[PDB]
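Below you'll find only one chain, the form solved without the named molecule, shown as structure tokens.
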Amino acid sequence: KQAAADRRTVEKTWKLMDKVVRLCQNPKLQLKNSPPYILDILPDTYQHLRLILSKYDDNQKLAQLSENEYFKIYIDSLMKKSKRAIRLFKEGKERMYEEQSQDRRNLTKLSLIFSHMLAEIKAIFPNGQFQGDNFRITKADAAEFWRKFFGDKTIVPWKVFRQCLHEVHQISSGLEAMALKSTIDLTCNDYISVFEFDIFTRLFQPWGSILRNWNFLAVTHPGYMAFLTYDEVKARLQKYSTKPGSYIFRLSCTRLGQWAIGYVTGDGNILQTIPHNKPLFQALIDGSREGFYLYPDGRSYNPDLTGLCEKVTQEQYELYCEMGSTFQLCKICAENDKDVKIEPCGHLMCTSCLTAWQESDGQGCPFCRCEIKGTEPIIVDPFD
């Protein structure tokens, strides 16, 4: 239960956001020219929040806004992520100036989250006016699922979303559900908004086989490159500029919900194509037949995608989860955060899973089988 999003609460996010901007303005960091551009995202976020406040310009309008379920979650997540970014500079110290450090990698993860939060607030409050209850989900079969399970809700907890999604498309394991959460929950707030749902269903359409499309195209395909700028797509394909047909497909934080396929032309140039509102697997099948998309990431084997027209190991899901912010999530249930540490081994899980485990098997830790001498409540941060 988050606090009401009153004017005072909104302004606390601006004060925390101005601190993040000040910390990121250190020339040693070189963030002025560093995508997705946190020095442009936080001012844009501030201007959007100001635009919202101007549309709810009276006591009664502000009473409606502070009670808006989506706005309350937005302000609460913005406050939490800004604080996490300040905490990152405080603990990273000199490591914040080394571009390859894990502390700078964590700053890039937060930068992507702020970029996604900005696109989300602009879609849900276009021109500063709430339109979440009138949001258009692009795929009709996806729209029918949202309306069936969540009615006119603009946002739902991940816990509820996953359970309802399982009712239509079965999720086989805790690791798969964790991998899925990092893919849909772009703002890393433990909620799925209708906007995040619309992005995921556009990327992995058609709806009828959405988890098969996601497992194949994002979890196991060697051509998948996650978020990349065009300059990184070029650097990635530059080593293979001597092999026409080499290709990769990436997401763009300035074109949410669409794919960009970068490839080597017959004359050695690197060009890109944005497929239409049609499955990515059909664009890869078409381009393969026509000799444009032959070697994913420059490698000779191009997986047979025709199966998707008419298998994933636990290790693959674990590696997929690296870029995400799911370390705080219980690996067993993939719906509650880790809040208990087993002693002496130190494995972590949620309280419900440990209780369920002690009432079921209980013959040692569920991960290492070592004798459970004790338990200890803990708080886990996604960057641990």
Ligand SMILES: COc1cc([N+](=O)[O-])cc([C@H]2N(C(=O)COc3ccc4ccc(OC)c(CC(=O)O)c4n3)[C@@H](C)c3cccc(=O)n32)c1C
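The term rigid core refers to the maximal set of C-alpha atoms that superpose within 1.5 Å between the two forms. Residue positions are given as counts along the sequence shown, with the first one as 1.
Coordinates are absent for 4 to 9 residues of the deposited sequence placed between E310 and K311.
Across the two stretches, 37 to 45 and 22 to 30, the PDB entry reports the greater mean Cα temperature factor for 22 to 30. Averaged over their C-alpha atoms, the temperature factors of 175 to 183 and 228 to 236 are higher for 228 to 236.
The PDB entry gives the largest Cα B-factor of the residues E335, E69, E318, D57 to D57. Which of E167, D198, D141, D267 has the largest Cα B-factor in the deposited entry comes down to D267. Looking at the C-alpha B-factors along this chain, the one for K159 belongs to the lowest third. Per-chain ranking of the deposited C-alpha B factor places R95 in the highest third.
The entry lists a Cα temperature factor for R255 that places it in the middle third of the chain's modelled residues. In the PDB entry, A218 places in the lowest third of its chain by CA B-factor. Compared with the other modelled residues of the chain, the Cα B-factor recorded for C330 ranks in the lowest third.
The same protein also exists as the form deposited with the named molecule bound; that form is not shown, yet it is the one meant from here on.
In the deposited bound form, every residue of the candidate spot (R250, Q258 and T273) has a heavy atom lying within 4.5 Å of the named molecule. Think of it this way: in the deposited bound form, the named molecule has a heavy atom of just one of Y97, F135, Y230, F149 within 4.5 Å, and the residue is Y230.
With the partner omitted here, the stretch from 87 to 95, 259 to 267, 126 to 134, 68 to 76 that lies within 4.5 Å of the named molecule by heavy atoms in the deposited bound form is 259 to 267. Comparing the two forms between the shown form and the other one on the rigid core, the single residue of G92, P157, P244, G257 with a CA shift of 2 Å or greater is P244. Relative to the superposed rigid core, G208 undergoes a CA displacement smaller than 2 Å between the shown form and the other one. A displacement of 2 angstroms or greater separates the C-alpha positions of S300 between the shown form and the other one, with the rigid core held in common. Relative to the superposed core, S288 undergoes a Cα shift of 2 Å or more between the shown form and the other one.
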